[PDB]
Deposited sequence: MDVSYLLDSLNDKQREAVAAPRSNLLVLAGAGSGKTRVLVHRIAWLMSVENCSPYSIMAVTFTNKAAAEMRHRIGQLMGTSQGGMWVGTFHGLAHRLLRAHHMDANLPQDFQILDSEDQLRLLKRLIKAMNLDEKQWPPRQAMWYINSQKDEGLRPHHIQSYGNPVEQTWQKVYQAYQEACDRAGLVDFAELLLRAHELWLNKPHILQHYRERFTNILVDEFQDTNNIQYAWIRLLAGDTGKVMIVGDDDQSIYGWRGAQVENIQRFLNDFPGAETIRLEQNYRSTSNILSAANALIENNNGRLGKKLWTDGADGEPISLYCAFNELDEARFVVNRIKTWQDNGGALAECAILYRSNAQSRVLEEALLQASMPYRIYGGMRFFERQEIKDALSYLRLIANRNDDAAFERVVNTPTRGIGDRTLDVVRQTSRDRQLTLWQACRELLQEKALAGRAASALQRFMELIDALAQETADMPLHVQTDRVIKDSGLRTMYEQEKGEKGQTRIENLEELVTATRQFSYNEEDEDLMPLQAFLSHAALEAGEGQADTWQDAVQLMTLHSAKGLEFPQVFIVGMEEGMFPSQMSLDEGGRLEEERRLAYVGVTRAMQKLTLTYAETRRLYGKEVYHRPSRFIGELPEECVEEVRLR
């Protein structure tokens, strides 16, 4: 007990040494919540004399479970037979393994990841004799996952949804036949096992009387249901979470799950961890005030015994290129005084914002890395657009041909392409030239020939119809006519809209680039360079990421860019999405250890065109006493 409590502060000790009861630990940013979970589990075993067999700890990610295992083992050794520590999906899988027959699964049943799901759906659309062009496998995948995220099974039998429902029904039959289980299926089947098999549910409720769940604010409905059902009225549950940091709503997270726990678990008291070891008191004071503007919250006040801190810097840029230059110059000053580039993070609401920053960084010869995402010019939607432009530039661009011949899906199949490639090899031709000849020769199946003739017509027509357009207008035209814009639009939801945001940014990029051998070729050379991108050489590098990707990270210097109404808060929130945007801002503020800088531009070029934005509301919500504007003097 002395070694269990030595490293703890007063509130951490209150949680770790609490009697066995239902507990919310409302863990502020930077407040040592993993230490609490680890030491609480050690306490249960050491002081309360609970078996390792009685403990289930459920984490948000595979890395979080790995960290938990490693830190438990530091205290108590990694020989913890009996203790379940894992993600919702991993622990659902583990249950389904143990009871496969009772879950109507076969003995060596297999899990389908997104890539294997798509591959199965590609095969299914073909075996149903559906037109892949009209019924793209990726849209099937989007549809099916959308249904399963709502808990919906396929129903019965002009409706387009009717055809998708038929595909969903065939998918489910195929999975149930062969014992394939997708990620959504794991939790659903696990929950069904407990609902349907009383003697199984009683086993696990009698076994796992100590349940701990981290990151509870980002739990979804099915996860919440599964935990509640396991605990029944006998299990003693500690949840650890921060309602002010719930930011995965679009992914199905339920910020209200923390309050639902307090409502559903009679025991349930709340222990706040407000003492922060990350950030200066100035930064905390600004966080605390910012988040008060939300209503649906338990409330807390973060505090530290650490530095008072420098002001939060605020800069008004004339435009987005002004902004990127400023941020880069501030990091130069830090680096020149001996700071590491990796101790600097630049955070943005939408990943399409990264482009102008990357360009500014390249121009300064300052290494960077995108955390949790790809560099702009490596993003799938961008690579796909660029390959249409590459074919316009030169039909002999085999790599560009391969990238887009079937994107969006045109029902140009693998056997047909195998012929084209063999022909091009044998005849020492380009893929394009080989297509020309095979089509003239009537060498391909009629069904293969028709789609391929249209693809070649579309490319040639693009090149001719756009030949006297300015670079950015040709680019917009290509995004439209290739069907790229529609491919994302058809999959309603934030994920598709993000891809569209990047496409629109490529119109901005070409406009601002438009530096000549002809504009198109010069641009493509530039794009092909920034070669570039994802060095296998480690270097000290600035870290760029979305605010969503910064969750749980920390940096001495943080720059949050694009603090503009309509950028952040996002326009897509045109009150009930506003609070989540403010949570996201609060997550951004609380990444900063030593210094936070907030910037925004008077205008931004979006989709090629100059747009004015007022400063984000979140800037004015900060206490005046926390912030110093950076000005010319």
Sequence ranges absent from the coordinates, based on the deposited chain and numbered from 1
1-2, 160-163, 521-525, 542, 587-588
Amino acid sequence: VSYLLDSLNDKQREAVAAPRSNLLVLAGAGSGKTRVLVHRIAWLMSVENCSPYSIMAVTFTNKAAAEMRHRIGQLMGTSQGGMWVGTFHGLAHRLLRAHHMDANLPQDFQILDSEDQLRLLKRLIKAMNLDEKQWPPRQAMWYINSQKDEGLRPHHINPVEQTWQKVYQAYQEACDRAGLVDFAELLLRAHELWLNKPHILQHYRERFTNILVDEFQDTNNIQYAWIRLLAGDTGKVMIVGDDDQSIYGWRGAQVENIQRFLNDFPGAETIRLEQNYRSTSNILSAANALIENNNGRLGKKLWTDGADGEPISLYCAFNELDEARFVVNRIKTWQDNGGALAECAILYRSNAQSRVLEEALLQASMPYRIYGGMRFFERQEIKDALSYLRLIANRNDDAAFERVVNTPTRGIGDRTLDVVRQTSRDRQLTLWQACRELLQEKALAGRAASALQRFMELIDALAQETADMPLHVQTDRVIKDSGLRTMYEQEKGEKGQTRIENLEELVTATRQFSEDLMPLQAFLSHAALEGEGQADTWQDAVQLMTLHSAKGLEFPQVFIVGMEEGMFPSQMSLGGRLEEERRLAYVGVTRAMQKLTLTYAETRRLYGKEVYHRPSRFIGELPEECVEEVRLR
From here on, numbers count along this sequence of modelled residues.
Please compare 320-328 with 491-499 and name the stretch with the higher mean C-alpha B-factor in the deposited structure.
491-499
Using only C-alpha atoms and the B-factors in the entry, which stretch averages higher, 591-599 or 66-74?
66-74
Highest recorded C-alpha temperature factor, please, choosing from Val47, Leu26, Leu37, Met567.
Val47
Quiz for you: based on the deposited Cα B-factor, which of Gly373, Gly81, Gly241, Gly309 is highest?
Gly81
Position of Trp250 among the chain's modelled residues by C-alpha B-factor, lowest, middle or highest third:
highest
Sorting by Cα B-factor within the chain, modelled residues only, which third would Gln464 end up in: lowest, middle or highest?
highest
Chain thirds of CA B-factor: placement of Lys33
middle
When the modelled residues of the chain are sorted by Cα temperature factor, does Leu606 land in the lowest, middle or highest third?
middle
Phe208: which third of its chain by C-alpha temperature factor?
lowest
